[PDB]
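In structure tokens, one chain follows: the form deposited in one PDB entry.
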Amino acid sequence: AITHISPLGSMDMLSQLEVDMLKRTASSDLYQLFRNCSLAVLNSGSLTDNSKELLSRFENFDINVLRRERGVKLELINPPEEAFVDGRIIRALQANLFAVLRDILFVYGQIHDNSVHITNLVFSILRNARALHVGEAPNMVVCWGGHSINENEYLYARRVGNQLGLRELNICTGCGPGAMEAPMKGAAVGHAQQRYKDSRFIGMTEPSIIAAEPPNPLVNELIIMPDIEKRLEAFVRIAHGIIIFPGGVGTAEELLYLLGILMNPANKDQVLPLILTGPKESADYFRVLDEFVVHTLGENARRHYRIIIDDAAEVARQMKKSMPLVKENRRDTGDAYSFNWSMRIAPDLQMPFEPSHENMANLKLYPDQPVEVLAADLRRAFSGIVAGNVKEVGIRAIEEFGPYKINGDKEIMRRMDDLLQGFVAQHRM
């Protein structure tokens, strides 16, 4: 059993009682969650997609938290060698590990209306991560995209980040590979071209997806949200602008969850730019997704977004010119620049979902509905098959007792399976 001991980057101190919460036992669940999250960080740049196999490869790996003279040390037992560069752990992965130690301890010490308490946990987690700060102008634009993406979609996703970084704007993704790291490498060379001295590449993951989508090495501010819904909520609240790239089913869910918030009449005065961008060959891909949400949510969905094709400079130029309007709107409310408190996320979009055939059953998918409740629970169906696609329980539940094809309707069921078939075509998992 070969070990390695990692130092803190910023002075970090624990008590003998906080470390004991992480002490290795077979009865305390909390170590396991801390152990696997640490393992996922160490498999950054994973050459695979499956999440069941990565744990089965590093089983003798473990982690001990230590209290030394200068603070906390992470004693890593049998760490993956691909995390090292010449016998030393890549310092981004070191910072990610201590971010995992920071968030896990916080989200569990705080546990020990109801919608106000949830958004505040999101606010308190980002604040404790020191991830809530604005410069002279808000510049945080989050980017959504798939994991297994094209070679041209990657280059296009790098060109957009470079033109975004050239205009001094920061990126926030779900810290995954593919379209979730390509804009960061572009922005890394973009900030270098304009001498932007303080880049913030925020990766926001959560335990149940971190093993399938390992945090890419370009992330410099990683935050662990408790579950899927709070990570989605953190996205739109820390955001000043959104750009969406072609992606698998996980990207579809993100688009609806958000679209279920701008279409709420309680958010008619909120400003939030959204551009769906893609390379030359994503023209057909985008038309089939527009024809989706224009058949699901009506033609109202096109008043809140614009689609641009084969252009990196325009979507960055238009995203930059939106920050003054974003800034101005935060002041009229009296809101904050670094956190959108005023936007109303309905309690039906904050509620969690554990994917089962049983619960995938009674999904309300009729176009009858208020635009909100349809997309609110339609995105649950996408959350269900990402679990069936990537994560241990959804894969297993879909393995043993069958697949999910549960609720039909007019075009939308024509369109639902139009998409996943139009998704498997380009191998989007």
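Between two forms, the rigid core is the largest collection of C-alphas that superpose within 1.5 Å. Residue numbers here begin at 1 and follow the sequence given.
Exercise for the section: Please figure out whether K268 and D269 are truly consecutive in the deposited sequence or have unmodelled residues between them, and give none, 1 to 3, 4 to 9, or 10 or more. Expected result: In the deposited sequence, nothing is left without coordinates between these two.
Problem - Residue range whose averaged C-alpha B-factor is higher in the record, 84 to 92 or 281 to 289 - result: It is 281 to 289.
Handout entry: Entry-level comparison of average CA B-factors, 176 to 184 and 296 to 304, reporting the higher stretch
Key = According to the PDB entry, the answer is 296 to 304.
Practice task
Choose from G161, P79, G241, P355 the residue with the greatest Cα B-factor as stated in the PDB record.
Solution key: Answer, based on the entry's C-alpha B-factors: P355.
Handout entry: C-alpha B-factor winner, where the candidates are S148, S124, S199, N139
Key = Within the set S148, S124, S199, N139, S148 shows the top C-alpha B-factor.
Exercise for the section: Report the third (lowest, middle or highest) to which the CA temperature factor of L276 belongs, ranking only the modelled residues of the same chain. Expected result: According to the entry, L276 has a C-alpha B-factor in the chain's middle third.
Practice task
Place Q193 in the lowest, middle or highest third of its chain's C-alpha B-factors, as listed in the PDB entry.
Solution key: For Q193, the deposited C-alpha B-factor lands in the lowest third.
Exercise for the section: Looking at the entry's B-factor column for C-alpha atoms only, identify whether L55 ranks in the lowest, middle or highest third of its chain. Expected result: Highest third of the chain for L55's C-alpha B-factor.
Practice task
Determine, from the deposited record, the chain-internal third of the Cα B-factor for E254: lowest, middle or highest.
Solution key: According to the entry, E254 has a C-alpha B-factor in the chain's middle third.
Problem - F34 by Cα B-factor - lowest, middle or highest third of the modelled chain - result: Its C-alpha B-factor belongs to the lowest third of this chain's values.
What follows is about the form deposited with a small molecule bound, which we do not show.
Problem - 4.5 Å heavy atom contact, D103 to the small molecule in the bound PDB entry - result: So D103 does not count as contacting the small molecule.
Handout entry: Interface membership of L232, the small molecule in the bound PDB entry, 4.5 Å heavy atom rule
Key = Contact check for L232: yes, within 4.5 Å of the small molecule in the bound PDB entry.
Problem - the small molecule contact at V141 in the bound PDB entry, heavy atom, 4.5 Å - result: Outside the cut-off, so no.
Problem - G161, heavy atom within 4.5 angstroms of the small molecule in the bound PDB entry - result: Judged by the heavy-atom cut-off of 4.5 Å, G161 is well away from the small molecule in the bound PDB entry.
Problem - in the bound PDB entry, segment of 173 to 181, 276 to 284, 305 to 313, 214 to 222 with a heavy atom within 4.5 Å of the small molecule - result: Comparing against the small molecule in the bound PDB entry, the contact stretch is 173 to 181.
Exercise for the section: Answer yes or no: in the bound PDB entry, does the small molecule come within 4.5 Å of a heavy atom in every one of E168, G190 and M319? Expected result: None of them does, since no heavy atom lies within 4.5 Å of the partner.
Practice task
Identify which of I238, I90, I228, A129 has a heavy atom within 4.5 Å of the small molecule in the bound PDB entry; exactly one of them does.
Solution key: Looking at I238, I90, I228, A129 one by one, just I228 meets the 4.5 Å heavy-atom criterion.
Problem - Residue among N220, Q94, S322, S338 whose Cα moves 2 Å or more between this form and the one not shown, once the rigid core is superposed - result: Result of the comparison: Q94.
Problem - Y305 C-alpha relocation of at least 2 Å between this form and the one not shown, rigid core basis - result: No, shifts by less than 2 Å.
Exercise for the section: Taking the rigid core as the superposition reference, indicate whether the CA of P347 shifts 2 angstroms or more between this form and the one not shown. Expected result: After core superposition, the C-alpha of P347 moves less than 2 Å between this form and the one not shown.
Handout entry: Large Cα move at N128 between this form and the one not shown, threshold 2 Å, rigid core
Key = For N128, whose C-alpha is compared between this form and the one not shown after core superposition, the shift is less than 2 Å.
Exercise for the section: With a shift of at least 3 angstroms, figure out whether the C-alpha spacing between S338 and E136 grows or shrinks in the bound PDB entry: closer or farther? Expected result: They are closer; the C-alpha distance drops by 3 Å or more in the bound PDB entry.
Exercise for the section: Since the C-alpha distance between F123 and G9 changes by 3 Å or more in the bound PDB entry, give its direction relative to the shown form: closer or farther. Expected result: Closer together, which means the C-alphas of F123 and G9 are at least 3 Å nearer in the bound PDB entry.
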